[PDB]
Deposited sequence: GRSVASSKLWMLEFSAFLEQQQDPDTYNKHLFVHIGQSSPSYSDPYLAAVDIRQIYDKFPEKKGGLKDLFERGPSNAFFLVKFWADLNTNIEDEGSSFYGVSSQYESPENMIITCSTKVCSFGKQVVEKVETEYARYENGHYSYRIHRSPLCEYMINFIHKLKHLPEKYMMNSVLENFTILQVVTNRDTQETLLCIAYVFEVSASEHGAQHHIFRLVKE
């Protein structure tokens, strides 16, 4: 499906999942959210714009926050992803997140993921990734990164809510900010703001990708 790309980095894949082990040879994987799974990943400027000012309140402020990052640019690195999450699932459980990126450049990259409540940072996960040469480009993979305990707790609490409108109500004040940076130069390669609702549709998880603009 539709993915996310600046001039220097393309995120081809992103998925958060629960993997359950029935027995040593049998595993069941449930995808909560996914980009580049059901169909081959592609990227083009054929997607709509969102005024970033409409979402500043939902993400960290001050130096290093979303406004600061956006103003520093480049403008083409900033995206808003709306997820409709599939919550229909559930000792032998593994909650994980996997992502893959491609670049023309051989870099050392840092991926910061901040989980936020009411626009305030709750937890940050920071990962450093080195390049691998692949078919005329450089590939970066964050493979089966364990979901933090806060997120596991959050998912558990969501599923224990008796009504779906309640889940959506909670989700309106839950956000994730992902910032992928060149470690040495501190250039913003990708900055992705994630917003959530619960999926109701029979096919499962869905997403829409928007460009963040100044207006």
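- Not built in the structure, per the record, is the single deposited stretch 91-94.
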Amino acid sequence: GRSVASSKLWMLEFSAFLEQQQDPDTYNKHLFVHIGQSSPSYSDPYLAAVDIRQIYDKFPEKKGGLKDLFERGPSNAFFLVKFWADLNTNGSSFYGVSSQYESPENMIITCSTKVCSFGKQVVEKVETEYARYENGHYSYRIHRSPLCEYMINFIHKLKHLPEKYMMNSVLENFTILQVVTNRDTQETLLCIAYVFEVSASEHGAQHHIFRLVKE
From here on, numbers count along this sequence of modelled residues.
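- Comparing the deposited coordinates for 152-160 and 172-180, the stretch with the larger average C-alpha B-factor is 152-160.
- When the mean C-alpha temperature factors of 77-85 and 99-107 are read from the deposited coordinates, 99-107 comes out higher.
- Highest C-alpha temperature factor among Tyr46, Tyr56, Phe32, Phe70, as the PDB entry reports it: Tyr46.
- Ranked within its chain, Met167 lands in the middle third, by CA B factor from the PDB record.
- Placement of the Cα temperature factor of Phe118 within the chain: lowest third of the modelled residues, per the deposited record.
- Ranked by Cα temperature factor within the chain, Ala200 sits in the highest third according to the deposited record.
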